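Lettering follows sequence order; numbering is per chain, from 1. The analysis underlying the following values was restricted to heavy atoms, covering all of them including side chains, and did not include hydrogens, waters or symmetry mates.
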Amino acid sequence: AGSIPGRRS
Amino acid sequence: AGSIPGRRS
Amino acid sequence: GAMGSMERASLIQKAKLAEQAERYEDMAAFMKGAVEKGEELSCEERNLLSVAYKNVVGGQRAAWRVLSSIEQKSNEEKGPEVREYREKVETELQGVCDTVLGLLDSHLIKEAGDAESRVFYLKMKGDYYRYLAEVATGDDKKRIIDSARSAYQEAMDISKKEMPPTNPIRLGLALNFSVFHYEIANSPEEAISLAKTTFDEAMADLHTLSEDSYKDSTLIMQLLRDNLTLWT
Amino acid sequence: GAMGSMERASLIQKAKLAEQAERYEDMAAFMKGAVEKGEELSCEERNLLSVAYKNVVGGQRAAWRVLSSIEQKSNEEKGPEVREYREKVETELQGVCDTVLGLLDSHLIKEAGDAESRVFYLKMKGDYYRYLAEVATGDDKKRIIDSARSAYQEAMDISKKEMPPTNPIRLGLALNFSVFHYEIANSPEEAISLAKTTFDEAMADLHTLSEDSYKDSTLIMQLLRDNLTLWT
Ligand SMILES: *Cc1ccc(S(C)(=O)=O)cc1
Ligand SMILES: *Cc1ccc(S(C)(=O)=O)cc1
């Protein structure tokens, strides 16, 4: 399903 | 202001 | 050159896949390769070229504006990094604009005889000179603005002679030239005039159109009205 | 190497500007240069490295999935183009994963002694092997899955010994390992078990937290519950 997005500092 | 987006065929 | 060994048809196919995958740098590279095959482009192929480069330069412009804003606010000493990085993005943006302009000059415009192709390419030329004008500051800046103006004007003169007032390319050309007047040439009254006249002349020609053409034209007309609402 | 002539501090500053400008390839390149200076990374610097590469590979994965879907539907003869282009994007994606893995192996993991840094890097190692596993099909595919598993397991063992059950990195590690079990290892029951246990143990430790820590932990807990809702 969803991993952590991890795309914003 | 806005030009035409022109970003989708 | 770089795409020299790939078939023209395969470059066009891959450009369409790259659009679907939101891989716009790849899309632009494939379309550059297709242009460099030397044949004229169809309507659909011109649109793929334009969409690819509008997306690439649009991301660069957005980044440049973020960096230019930070650099303006800086001017505690932050050191040379913000300026250096803005300069890097600016140089890249200029390079993409110069690439598109070079495709237009070698040899898309000179082989474009029909009004639809010629207007399309001249609108592109105006647009990429406008993007160069947005970041220009040195000895050549007036010449860059004049180059944008000249391209847009020739496109406008052809479009008014050869295309109905509802044609989407004629409409988008007028819209972008009005933005040029407002944002680049410091001519807001010329921008407003052109947007109003364009809108009104289109309105008066809608009766001639099919349902599908009507939808296409009214969408762009609404962009003209959106600018007029912001400007007045 | 490539960023060898730029100061470490300037690379970190430019990585932060690149994030603001949504220039994630540049952000990754700056952070790679910072790692290659040879010093350990702070908490904030580790996050910049991770964010940069998650954004680069995330765009590549999304493109790969679009192309793989078109290629599956193809298999009228469309010719070799869809496969060729999927292969190009796949190769690029593999290259970025190999680059991150190489930074971890040379020498971020071996110099990471504190639990927070070591767990962070081992979670990254599991994640980039998981992304390699998503596109793997040949002789080495089981070894790629096993490499992801091993990295995640070592991270889990340290995290359970050294971190409270609400620590955000411990939580995100558990979340991503549960996704690994569900999507990669064909172990949905292991995925569900790990997500439930992780959620419940975190819930029971929230009472110890400040308002701000509570917000950080509950956000990730909600991602665990979102997966459990989808999976059960
Ligand atoms: C410059 C330009 C004119 C018209 C279109 S559209 C919305 O696809 O009719 C696009 C770009
Ligand atoms: C892997 C991972 C754990 C935690 C975070 S966060 C949302 O910034 O606390 C990000 C990534």
Side-chain angles (χ1 to χ4, degrees), chain B residues 1-7, chain C residues 50-51 53-69 71-72 86 89-90 93-94 96-97 100-101 104 119-138 141-160 163 165-205 216-232:
Chain B
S3 63
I4 188 158
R7 286 169 76 169
Chain C
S50 180
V51 162
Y53 279 109
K54 280 301 176 70
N55 274 276
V56 172
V57 78
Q60 292 173 316
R61 291 166 66 210
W64 187 98
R65 292 192 296 270
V66 165
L67 298 171
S68 184
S69 179
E71 182 180 15
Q72 280 164 336
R86 185 271 299 157
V89 171
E90 185 171 300
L93 181 167
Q94 293 168 319
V96 173
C97 293
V100 172
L101 292 166
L104 297 170
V119 170
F120 191 91
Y121 293 137
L122 290 164
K123 177 186 171 182
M124 289 184 64
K125 180 175 183 170
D127 287 338
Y128 289 88
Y129 276 112
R130 172 162 57 90
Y131 306 151
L132 290 177
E134 287 180 337
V135 302
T137 61
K141 154 84 122 102
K142 285 173 173 177
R143 273 179 284 264
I144 292 166
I145 291 177
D146 203 62
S147 288
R149 180 203 56 73
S150 180
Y152 286 133
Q153 189 60 243
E154 184 179 348
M156 282 297 295
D157 292 345
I158 300 164
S159 76
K160 290 195 265 190
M163 290 171 170
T166 50
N167 173 280
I169 300 309
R170 177 171 170 180
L171 291 174
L173 167 61
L175 177 72
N176 284 9
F177 192 26
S178 72
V179 170
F180 169 82
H181 287 307
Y182 194 90
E183 295 196 336
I184 309 293
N186 195 31
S187 301
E189 289 175 331
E190 188 69 14
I192 290 160
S193 191
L194 175 55
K196 284 182 181 176
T197 292
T198 301
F199 183 96
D200 291 349
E201 293 171 16
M203 177 68 36
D205 188 60
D216 293 339
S217 299
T218 57
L219 183 141
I220 306 165
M221 290 169 64
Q222 182 63 48
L223 302 176
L224 289 160
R225 175 146 49 194
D226 289 344
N227 285 340
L228 287 164
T229 296
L230 183 74
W231 293 343
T232 66

Task: Min side-chain heavy-atom separation C:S178-C:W231 under 4.5 Å - done: yes
Open item on the list: Assess the residue pair C:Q94 and C:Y128 against the criterion (side-chain contact (heavy atoms from CB on, under 4.5 Å)); give the C-alpha distance rounded to whole Å, side-chain angles, the decisive distance to 0.1 Å, and a yes or no.
Closed with: CA-CA 9 Å; C:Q94 293 168 319; C:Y128 289 88; over 6 Å; no
Task: Straight-line distance of C:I144 CD1 to C:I184 CD1, nearest 0.5 Å - done: 10.5 Å
Task: Polar side-chain atom of C:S150 near backbone of C:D146 as donor-acceptor pair, under 3.5 Å - done: no
Open item on the list: Would the distance check show the side chain of C:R170 and the main-chain N or O of C:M163 forming a donor-acceptor pair, the cut-off being under 3.5 Å?
Closed with: yes
Open item on the list: Looking at C:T229 and C:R225, would you say the former's side chain and the latter's main chain have a donor-acceptor pair under 3.5 Å?
Closed with: yes
Open item on the list: Set out, in order, the CA-CA distance, both residues' side-chain angles and the distance that settles side-chain contact (heavy atoms from CB on, under 4.5 Å) for C:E134 and C:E183, then state yes or no.
Closed with: CA-CA 9 Å; C:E134 287 180 337; C:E183 295 196 336; 4.3 Å; yes
Task: CH2-CD distance between C:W64 and C:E90, expressed to the nearest 0.5 angstrom - done: 6.5 Å
Task: Contact summary for C:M156 and C:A174, nearest pair of heavy atoms - done: SD-CA, 4.2 Å
Open item on the list: Ignoring hydrogens, what is the shortest heavy-atom contact between C:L228 and C:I192? Give both atom names and the distance.
Closed with: CD2-O, 3.7 Å
Open item on the list: Does any part of the side chain of C:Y121, heavy atoms only, come nearer than 4.5 Å to the side chain of C:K125, both counted from C-beta?
Closed with: no
- [ ] Looking only at non-hydrogen atoms, find the nearest pair between C:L171 and C:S217 and report the distance.
- [x] CD1-O, 3.7 Å
- [ ] Supply the atom-to-atom distance C:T166 OG1 to C:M203 CE, rounded to the nearest 0.5 angstrom.
- [x] 11.0 Å
- [ ] Taking the side chain as every heavy atom from C-beta outward, state whether C:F177 and C:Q153 have any pair of such atoms under 4.5 Å apart.
- [x] yes
Task: Student check: side-chain heavy atoms of C:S159 and C:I169 closer than 4.5 Å - done: no
Open item on the list: For the backbone of C:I145 and the side chain of C:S147, can you confirm whether one donor and one acceptor N or O come within less than 3.5 Å of each other?
Closed with: no
TODO: Take C:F180 and B:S3 through the side-chain contact (heavy atoms from CB on, under 4.5 Å) test and state the conclusion after the steps.
DONE: CA-CA 9 Å; C:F180 169 82; B:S3 63; over 6 Å; no
Open item on the list: Applying the side-chain contact (heavy atoms from CB on, under 4.5 Å) criterion to C:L224, which one of C:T197, C:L175, C:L194, C:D200 satisfies it?
Closed with: C:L175
Task: Heavy-atom check, side chain of C:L132 versus side chain of C:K141, under 4.5 Å - done: no
TODO: Taking all heavy atoms of B:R7 and all of C:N55, pick out the closest pair and write down the distance.
DONE: O-ND2, 2.9 Å
Task: C:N227 side chain to B:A1 backbone, donor-acceptor under 3.5 Å - done: no
Task: Donor-acceptor pair between C:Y129 and C:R149 side chains, under 3.5 angstrom - done: no
Task: Over all atoms of both residues, closest heavy-atom pair of C:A202 and C:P165 - done: CB-O, 3.8 Å
Open item on the list: Within the structure provided, determine whether C:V57 and C:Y53 are in side-chain contact (heavy-atom separation under 4.5 Å).
Closed with: no
Task: Heavy-atom closest contact (C:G172 atom, C:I220 atom, distance) - done: N-CG2, 4.0 Å
Open item on the list: Between C:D127 and C:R130 (salt bridge meaning N to carboxylate O under 4.0 Å), is one present in this structure?
Closed with: yes
